[PDB]
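Just below is one structure, and these are the notes that go with it.
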Amino acid sequence: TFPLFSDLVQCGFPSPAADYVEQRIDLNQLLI
Amino acid sequence: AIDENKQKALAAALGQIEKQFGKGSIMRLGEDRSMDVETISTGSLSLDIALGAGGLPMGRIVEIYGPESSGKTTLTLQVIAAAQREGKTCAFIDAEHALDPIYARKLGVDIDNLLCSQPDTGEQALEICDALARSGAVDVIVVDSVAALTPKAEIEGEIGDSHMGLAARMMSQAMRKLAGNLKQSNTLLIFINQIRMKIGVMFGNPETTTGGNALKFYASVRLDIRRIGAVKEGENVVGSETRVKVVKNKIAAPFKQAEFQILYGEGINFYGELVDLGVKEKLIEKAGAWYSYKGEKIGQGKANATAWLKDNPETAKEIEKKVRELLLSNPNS
Amino acid sequence: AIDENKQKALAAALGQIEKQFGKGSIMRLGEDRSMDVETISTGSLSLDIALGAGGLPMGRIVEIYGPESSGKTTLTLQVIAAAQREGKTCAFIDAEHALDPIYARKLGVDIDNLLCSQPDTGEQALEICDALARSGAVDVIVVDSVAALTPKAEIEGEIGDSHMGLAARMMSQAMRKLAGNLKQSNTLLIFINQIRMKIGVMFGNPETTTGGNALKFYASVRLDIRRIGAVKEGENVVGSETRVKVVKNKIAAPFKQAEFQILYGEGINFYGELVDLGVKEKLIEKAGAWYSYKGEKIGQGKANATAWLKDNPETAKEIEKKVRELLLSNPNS
Amino acid sequence: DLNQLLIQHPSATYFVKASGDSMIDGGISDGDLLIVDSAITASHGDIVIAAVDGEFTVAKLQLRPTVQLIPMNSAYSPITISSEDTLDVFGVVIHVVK
DNA sequence: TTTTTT
Ligand SMILES: Nc1ncnc2c1ncn2[C@@H]1O[C@H](COP(=O)(O)OP(=O)(O)OP(O)(O)=S)[C@@H](O)[C@H]1O
Ligand SMILES: Nc1ncnc2c1ncn2[C@@H]1O[C@H](COP(=O)(O)OP(=O)(O)OP(O)(O)=S)[C@@H](O)[C@H]1O
Ligand SMILES: [Mg+2]
Ligand SMILES: [Mg+2]
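If you want it as structure tokens, here you go:
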């Protein structure tokens, strides 16, 4: 159970802002 | 048959609402002239371009924030001076208790006409702002450092006493009681905010602004002003390079940026902004470090170009009208 | 018509605010004498020149920070002595618990009249400062090493306990509750800060100051004092060469530098500053290592020139007054 | 167990959804999951979550000959840490989940 | 809501 922040980080250009509304999930439930 | 009955019912309901609450209680959005967005210049042409509508919106709420010595008070005093040059009445609610009247005069502010208040508590400041808005005779109101909007309970309290979100509740109630009054009276309320650090932020901006979250929602425009350099006359630091980001905009496209120089004792360098905008709009030619206008080499470098354009008011005015006509997305009537 | 109604509404609102809160709640900035900036000497003429307004502003918050043994306490004690020579009452909050009364007396501080407090906790220190500001009988208050302003919870805790930003909360609340009281009572509050290291900073200044960010916003003048060398009488180190850089200024132009000598047991070398300012202002001629005043060769080297100038009071006062009317941008009334 | 397989510091590991296509040659594309370890110091050539002038970016960190943020796409250009640029690295990407 | 720390 680790944070999955709602906002997506833009790898192309520096994003205008990064809010961090925090959603939490575990690896096993997220991928399996 | 059915449509006629629906129209009759709608007309009866509208008439009942108008009788109950007033003539302007409800009307079609297209024929509501009071809802039109009217703007005033911020003292920076590039910022007027970045705001889309040509300046800060009248009758709204605007938040300005940034780090220390980023130029919040100087930008606010330029806004106030620009408003006062048009005959508007402005008020400065300085909660920081750190206003210099001499410097305000040096920026072009008519200190003989600017209302200044040193409120003891945040509630007193917000009540003064509410009264000034309800009067309708004040066009611009500025609250300096809403971080200093201390509640009366905290003032009467001790250092270290915990007042959880009490300032936030006071600010929320102030926004609720102020939005309608400001819209009715066509008064622009500018809030100046400081930046606090956010602890335990794994990802995201670790900076908030004091006062809570209500100011984030109620602000029509939120500006993030930062100092990104210094202006040097060889050795002495005579000014600062400033970048202003419009992180929120309810009247135009947001996230546009503006760059301008704040000169100490003079304020925002308008003529340098004119130079930069003319260069960008293919009106002033830049050949390396050489600036030229219509073939005539006006100088070498931004400072020399600014001095030359200051020395020739006619061409400065010409380039100013050309830039205002071309760049402004929403030219004011 | 419309203008007259606006003036009537503005006058009515101003009267309402004055009745609700008080006579001085709201008034025009031009006719508000409580907002005039009053300054007191810092004990160094070069520092007074660099500050523009002639010294540290009264009724404001000033932060002085630097590395270890840079002269923060010495500069503060010189400020206190200069204030006391004018009959003012000064207070020293020694949170570091490292004040030597004999050395303070050696700098000219009236020990019998200096209110000294050694608070246990940071909350106690800030509450004592708030009470002294509210009393109105204290003109200068100094908080020694706000890095030592440890909160009560940290004191009652254990070593290794994480009190994350608690000092920042306490200091922010202190600024919020203290700005207005200091402005009302015309009290100068000097905060002495230590310098810590920002780990992981790849580009930028790796040095930060303790207490958080509130002091950065609220301080009217912030001074970075550093030791740049030693003053030697041949072999023994009799003093230190000190540079003070005004990193923030809310009363004049910032980023000016002041260089002076702090002699152990004597304080800031005023006469050496007089020598340097006379040389710079074309009052004292310097031919290589030879200094001359109006043709008379006065001595060989800075130390010999300073000793000459000590040996005569008359042209000492002459050069001092000439420098004061020449270099001082904002002479005090 | 994926947690023991991929995560070294559970208390300082967060997930990030990638956006944009400036890291395709580096193995990061739009929509991919980025596992970031914030407890480890960044090094030259590492993939980091960084913020320049308050604007967040995923980029490759270089410290020589100058401090810059370089992408992994021929279309995009490097970001040079210029005057008054505060490069805040918030962790190192250790895994990419597609 | 509140606020860095080395
Ligand atoms: N009286 C003054 N004379 C000269 N320069 C000044 C004066 N007051 C402020 N400045 C400088 O002008 C720039 C902007 O000043 P401000 O408007 O006070 O900035 P600020 O955003 O209000 O920062 P704060 O309020 O102190 S946190 C800074 O570089 C200041 O050092
Ligand atoms: N009692 C004293 N007698 C002689 N020299 C002293 C005395 N106390 C301090 N000094 C010297 O005076 C210079 C400045 O001292 P301070 O003003 O105490 O420095 P500081 O800024 O207070 O740094 P701190 O507080 O020790 S971290 C240093 O070179 C000290 O060694
Ligand atoms: Mg201000
Ligand atoms: Mg000390």
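Residue numbers (PDB author numbering), protein chains in the order written: chain B, 14 to 45; chain G, 1 to 333; chain F, 1 to 333; chain A, 39 to 136. Ideal Cβ placement from N, Cα and C applies to all residues, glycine included.
- With the rule of 3 Cβ pairs closer than 8 Å, the region 227–237 of chain F does not count as touching the region 203–218 of chain G.
- In chain order, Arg28, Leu29 and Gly30 make up the part of chain F whose C-beta sits under 9 Å from the C-beta of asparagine 113 (chain G).
- With 16 or more other CB atoms across the displayed protein chains lying within 10 angstroms of its CB, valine 140 (chain F) is buried.
- Beta-bridge annotation (DSSP): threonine 39 (chain G) is paired with G:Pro57.
- Per DSSP, reduced to three states, the secondary structure at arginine 28 (chain G) is coil, with no helix or strand assignment.
- Distance from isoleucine 192 (chain G) to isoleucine 64 (chain G) at the Cβ level is roughly 5 Å; contact confirmed, criterion being Cβ atoms closer than 8 Å.
- Residue range 72–85 is occupied by the alpha helix (DSSP H) that includes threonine 73 (chain G).
- Annotation for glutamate 96 (chain G): no alpha helix (DSSP H) segment contains it, and DSSP assigns it neither H nor E.
- For the region 83–113 of chain A, the set of positions with a beta-carbon nearer than 7 Å to some beta-carbon of chain G reads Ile87 and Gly92 in chain order.
- For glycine 234 (chain F) and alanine 303 (chain F), the gap between their C-alpha atoms comes out near 11 Å.
- Just so you know, the alpha carbons of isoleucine 111 (chain G) and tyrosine 264 (chain G) end up roughly 18 Å apart.
- At the C-beta level, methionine 171 (chain F) and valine 146 (chain F) come within 8 Å of one another.
- As computed with DSSP, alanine 289 (chain G) is found in no beta bridge at all.
- Shortest gap from the CB of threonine 121 (chain F) to any heavy atom of ligand 4: 7 Å or more.
- Against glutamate 123 (chain F), the close residues of chain G are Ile159 and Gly160, in the order they occur along the chain (beta-carbon pairs closer than 7 Å).
- Near chain A, meaning a CB-to-CB distance below 7 Å, the residues of the region 206–235 of chain G are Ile228 and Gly229.
- If you look at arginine 243 (chain G), you'll find it in the beta strand (DSSP E) that goes 236–249.
- Judged by DSSP secondary structure, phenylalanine 203 (chain F) falls outside any beta strand (DSSP E); it is assigned neither H nor E.
- Residues of the region 237–262 of chain G that bring their beta carbon within less than 7 Å of a beta carbon in chain B comprise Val247 and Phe255, in sequence order.
- A Cβ-Cβ separation of about 4 Å places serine 46 (chain F) in contact with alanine 258 (chain F) under the 8 Å criterion.
- In this structure, ligand 1 has a non-hydrogen atom nearer than 7 Å to the beta-carbon of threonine 74 (chain G).
- Contact annotation: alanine 98 (chain G) and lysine 177 (chain F) have beta-carbon atoms that are not nearer than 8 Å.
- Linking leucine 77 (chain F) to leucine 132 (chain F) through their CA atoms gives a straight-line distance of about 18 Å.
- The count of Cβ pairs closer than 8 Å, one atom from the region 48–62 of chain A and one from the region 313–332 of chain F, stays below three, leaving the stretches out of contact.
- Counting only the Cα atoms, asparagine 181 (chain F) lies some 11 Å from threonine 121 (chain G).
- Boundaries of the beta strand (DSSP E) around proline 16 (chain B): 15–18.
- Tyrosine 218 (chain G) is positioned such that its CB atom lies closer than 8 Å to that of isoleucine 61 (chain G).
- For the pair of segments examined, the region 199–206 of chain F was found to touch the region 120–136 of chain A: the number of CB pairs separated by less than 8 Å reaches three.
- When G:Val246, G:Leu283 and G:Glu281 are compared, the shortest CA-CA separation from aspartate 48 (chain G) is found for G:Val246.
- With a cut-off of 7 Å, the C-beta of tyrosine 264 (chain F) is classified as near ligand 2, since at least one heavy atom of the ligand falls inside that distance.
- Nearest CB-CB separation between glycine 165 (chain F) and chain A: not below the 8 Å threshold.
- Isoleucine 195 (chain F): not part of any alpha helix (DSSP H); member of the beta strand (DSSP E) spanning 188–197, first to last residue.
- Around the C-beta of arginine 85 (chain F), fewer than 16 other C-beta atoms lie within 10 Å, and the residue is accordingly described as exposed.
- Those residues of the region 51–77 of chain A placed with their C-beta closer than 8 Å to a C-beta in chain G are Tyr52, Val54, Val74 and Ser76, ordered along the chain.
- Scanning chain F for C-beta atoms nearer than 9 Å to the C-beta of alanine 147 (chain G) yields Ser172, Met175, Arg176, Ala214, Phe217 and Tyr218, reported in chain order.
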